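Following this are structure 1 and structure 2, which are two forms of one protein chain, each written alone as structure tokens.
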Structure 1
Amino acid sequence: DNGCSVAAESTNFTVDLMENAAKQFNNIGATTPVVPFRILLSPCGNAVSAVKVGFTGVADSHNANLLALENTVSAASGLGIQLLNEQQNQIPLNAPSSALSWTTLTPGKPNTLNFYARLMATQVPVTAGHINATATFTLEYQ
């Protein structure tokens, strides 16, 4: 059994990026403090060895590697959600399964995979408003 199961907690969860200073985005590429989030994979078998976690969704127009933000009347513009890994390395959005990075696991135990999320400015100055966004995470088992 090389396949794991996603728990009810990790089936659908919300990452709260809190309030961010519109002055923090001085230039294109300015980021924010990383906000950690975790995906609980349980139960798991005794044959699991590696999991590649990829993220899919609507990408930003200016930066193809940033998760886009819904365009409404009162939504921030010029930003994009950058999704990182455990070692704070960029995980591109809609990246091919070969471009991802394998993550080791422990067979027979509930394994928790830790990632980070932050905001990266694509335009200057960054407008104010709210940040609502949805992504779908996929798993490649090994």
Structure 2
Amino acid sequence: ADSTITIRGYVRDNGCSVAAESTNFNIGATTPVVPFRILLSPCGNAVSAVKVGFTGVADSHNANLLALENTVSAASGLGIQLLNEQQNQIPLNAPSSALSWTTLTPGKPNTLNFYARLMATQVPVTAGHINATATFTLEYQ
């Protein structure tokens, strides 16, 4: 009528705030699994599916084991094996073709629970400090 107020704007979509948690610690010896989680919260409404992958230095014994850091006191033939929520080996350095889309519910926080276990293959495995820095790759649709 006499005056008008015209309110304009735009609401954009964003990624997922991803929080990771550090994990404390015969041939083919497996230690008890230690669980860790990846929390995606808050996640935008348009975020429907994402690709999750793991990257790191492949072990000399096998490419499916995440090798330890080059510590001055490091155990020989000791790697860290990562298990998914269903207790299956996660392919290290898997390509995008091998990776698959995992769905997320919009609004509610999402959780991805994995396990890590020490695998000894060069028995007798020496005693050394265990340290590893892996990469969690999250590709957006």
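For clarity, a rigid core is taken as the largest C-alpha set superposing within 1.5 Å between two forms. The first residue in the sequence of structure 1 is number 1, and each one after it adds one.
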Listed 85, 32, 65, 103; moving between structure 1 and structure 2 by 2 Å or more at the CA after core fit is just 103
- residue 7: with the rigid core matched between structure 1 and structure 2, does its Cα shift 2 Å or more? yes
query = After the core is overlaid between structure 1 and structure 2, has the C-alpha of residue 41 moved by 2 angstroms or more?
reply = no
Core-superposed comparison between structure 1 and structure 2, residue 117 Cα displacement 2 Å or beyond: no
Core-superposed CA shift of residue 133 between structure 1 and structure 2, in Å, is 0.8
Residue 52: Cα shift between structure 1 and structure 2 after core superposition, Å, came to 3.6
